[PDB]
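Peer 1: Give the three-dimensional model of this entry:
(one chain, ligands or ions: 2)
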Amino acid sequence: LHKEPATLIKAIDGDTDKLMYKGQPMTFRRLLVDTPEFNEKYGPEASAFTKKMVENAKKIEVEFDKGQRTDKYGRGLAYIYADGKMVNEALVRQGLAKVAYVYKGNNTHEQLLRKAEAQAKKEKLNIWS
Ligand SMILES: Cc1cn([C@H]2C[C@H](OP(=O)(O)O)[C@@H](COP(=O)(O)O)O2)c(=O)[nH]c1=O
Ligand SMILES: [Ca+2]
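Peer 2: Numbers count the residues shown, from 1 in each chain. Ligands and ions are numbered 1, 2, ... in the order given. Sure, structure below:
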């Protein structure tokens, strides 16, 4: 897979951010994760976590997988990196997202994330507390 440049337009929520990619504004949905809704336990904390990561980053990158690059809502599907740290993975590792929406072809980093979730669960972090 390849990291590509993007700039933060606006942090949205635990699952999504508005990013400028190839000079066009786009909502990006993070591959392989599901964060709680704002009304759900740890929903606000998940959005807060990603907001800080993306806002504080000097460099945002997007990494498409081998399959669909846009979902049925027109959202980009990618791994999102903030100063080379993957936000997707970071969420799961902190117990603020579950691994989810694993479709064949778009699952390059599935095992990495599952390992993170196992650790979060063992440490009883957040949604696993
Ligand atoms: C994460 C992801 C979601 N989606 C679709 C499935 C879901 O359809 P439905 O809206 O019909 O439930 C929705 C979940 O995204 P959200 O968790 O952001 O709602 O986005 C994909 O098609 N591919 C993906 O990789
Ligand atoms: Ca969600």
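
Peer 1: how about the residues of this protein near ligand 2?
Peer 2: Counting by CB under 5 Å from the ion, the residues of the chain close to ligand 2 are 15, 34, 35. Every residue, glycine included, has its C-beta placed from N, CA and C.

Peer 1: ok, the last one - contacts?
Peer 2: Just to be clear, that refers to residue 35. By CB atoms under 8 Å, 6 or more residues apart in numbering, the contact list for residue 35 reads 13, 14, 15, 42, 43, 46, 47, 50, 91, 96, 97.

Peer 1: can you do 7 Å?
Peer 2: Contacts for residue 35 were tallied using CB atoms under 7 Å, 6 or more residues apart in numbering; they are 14, 15, 43, 46, 91, 96, 97.

Peer 1: Any idea how far the longest strand along the chain is from the middle of the chain?
Peer 2: Among the elements of type strand in the chain, defined by DSSP state E, the one spanning the most residues is strand 3-11. Taking CA atoms, centre = their mean, to the nearest Å, one finds the center of strand 3-11 at 12 Å from the center of the full chain.

Peer 1: What is the burial count for residue 12?
Peer 2: Taking other CB atoms under 10 Å as the neighbour definition, residue 12 ends up with a count of 17.

Peer 1: quick revisit: what does the next helix or strand along the chain from the longest strand of the chain rub up against?
Peer 2: Downstream of strand 3-11, the next assigned helix or strand under DSSP states H and E is strand 16-21. The list of residues contacting strand 16-21 from outside it, by CB under 7 Å, 6+ apart, reads 6-12, 25-29, 54, 60, 62, 75-76, 80.
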